[PDB]
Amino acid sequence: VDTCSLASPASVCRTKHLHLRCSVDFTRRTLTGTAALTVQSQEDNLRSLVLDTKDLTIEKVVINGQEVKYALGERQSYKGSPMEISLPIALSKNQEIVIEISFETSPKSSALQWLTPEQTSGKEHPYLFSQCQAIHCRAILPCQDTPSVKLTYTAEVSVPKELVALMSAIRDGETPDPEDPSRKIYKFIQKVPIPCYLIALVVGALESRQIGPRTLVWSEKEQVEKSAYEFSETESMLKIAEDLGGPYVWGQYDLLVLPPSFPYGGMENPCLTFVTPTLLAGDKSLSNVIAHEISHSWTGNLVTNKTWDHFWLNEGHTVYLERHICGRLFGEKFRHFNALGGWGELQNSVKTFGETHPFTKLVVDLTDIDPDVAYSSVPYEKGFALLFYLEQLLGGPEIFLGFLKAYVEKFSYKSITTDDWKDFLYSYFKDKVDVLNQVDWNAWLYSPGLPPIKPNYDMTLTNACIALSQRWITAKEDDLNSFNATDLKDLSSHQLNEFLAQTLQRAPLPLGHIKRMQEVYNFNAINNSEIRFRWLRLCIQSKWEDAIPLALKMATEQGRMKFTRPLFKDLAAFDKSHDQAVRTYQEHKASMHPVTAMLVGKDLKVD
């Protein structure tokens, strides 16, 4: 039961393939065309079925060359409106038909952001990008919008001829549009079955540069050189991912670097990972996000969660693989450092929600909950903490990586629940079942709050961060002079970040301390987005007015929700910036990403 979808479930029928033929109209901000669904009945005598839709305009539905009857149900908030289609002939079990739906999107499509030329790098052309996860695919095309169904797809996309279209698929050529010579048609094929949340489309003034044997980087011209360098470790990460997970089956691993309003650090669209330009630190320091997106090529895209209640399967195993990639590249002490930081972020998320909040559960119940509202670090870090704890219980990383590989092999091309995972865990480790039975499954999987057991972490790289943070927190006024730029001498960017994270957990600090920190460390000069984010939060929570314009600028000049949401909230909580925060939100709202706009608005208690 997928409680987020209004469509016929996989038990009733299942989409096998989508052929998408559409045209991107920047003047109207609509995508217009046809979705031909090849649908296989799972039932005897099937006479109707139901698809998800959201703010779609349906022109007609055609089966066997003729228009058929359909009806759009009443809108159910964020889930959209169900579309019931009356089949012309009753179908037997396993019979397949093709249903061709003519449709057009709304400019308000929660799947899409339409950018004016002035919102891009080049300032001449507009730009469009999608983001379907979790349940926004229904906002682009009518579909069974549930990850419990996997389909192949092909697409032909007509765009203004000066622009480029890309999708989560292999590029299959380009031509002039025979119906409109100011246009080009780009073609795409995705031969590996995917859940519909992995369908993606970008259209803009895109250039590419090759950075490995199976990876091009795509962006506007002004970001291409910087991106090629930032992500140069991509091939080496892919090789390691393939060693841990099995064959990379998707063909290409390209990267697309989006404009700054892109709402997530990255999105694992198959063949074309989408990433935030806030990763462009200049020193490859935020490359863990690439490792994470690469890892999804196995955990998430090959083995997929059956419903969003089981999202942690996708994320926990991805973070687990991500951290192994980073440990291979930079050493086991480094894996433990990132693991231990992740526990910190989990502490934060639980503290923010409250230790009894249902969204701090590992398996959640999304009945009547917008998935975008529930989204947090919990499934990532609670899921990782579970896997790390099991690793230590069951004999160590080599042993647990054997399990992870066998798990991917077992459930490739399938969608699964937590009980499937747990069942296979018990099967794989059946000689260690007595150890497995010592795990508090109910607490770990189903209870709110921090997990019942914290794993063991190497502290080596973290000690200096904690030590410096403690010096600052325990400092009195007459200790401030002792701080000096040399305190940072032997700290990496990852350590400066962890120092700020540790300090931010005890915020506010006295204003005099924060002013001193700027004096001696000049954190205002650091443009690493993770570091700047935490520093600005520490400044604002410690009531430093000078930081207000800095925080407002970062909150609005990029749109990664990880950064924009807490910055707006912090600025709302500070009396001196509260009205500015609300005003700035109001002014920027119309040009923000629709989901980001909705969430910041809720956070601010606005509109």
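When you see a residue number, it is the position in the sequence shown, counting from 1.
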Quick check on the record: does 442-450 or 510-518 carry the larger mean Cα temperature factor?
442-450
Between 25-33 and 564-572, point out the one with the higher average CA B-factor as the PDB entry records it.
25-33
Which one of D283, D177, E345, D478 shows the biggest C-alpha B-factor in the PDB entry?
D177
Specify which of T116, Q113, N338, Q470 carries the largest Cα B factor in the deposited PDB entry.
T116
Considering only modelled residues of the same chain, in which third does the CA B-factor of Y264 rank: lowest, middle or highest?
lowest
Temperature factor at the Cα of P549, chain-ranked in thirds, falls in the middle
Rank-wise, by C-alpha B-factor, drop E498 into the lowest, middle or highest third of its chain.
middle
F429 CA temperature factor, ranked by third within the chain
highest
Ranking every modelled residue in this chain by its Cα temperature factor as given in the entry, which third contains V39?
middle
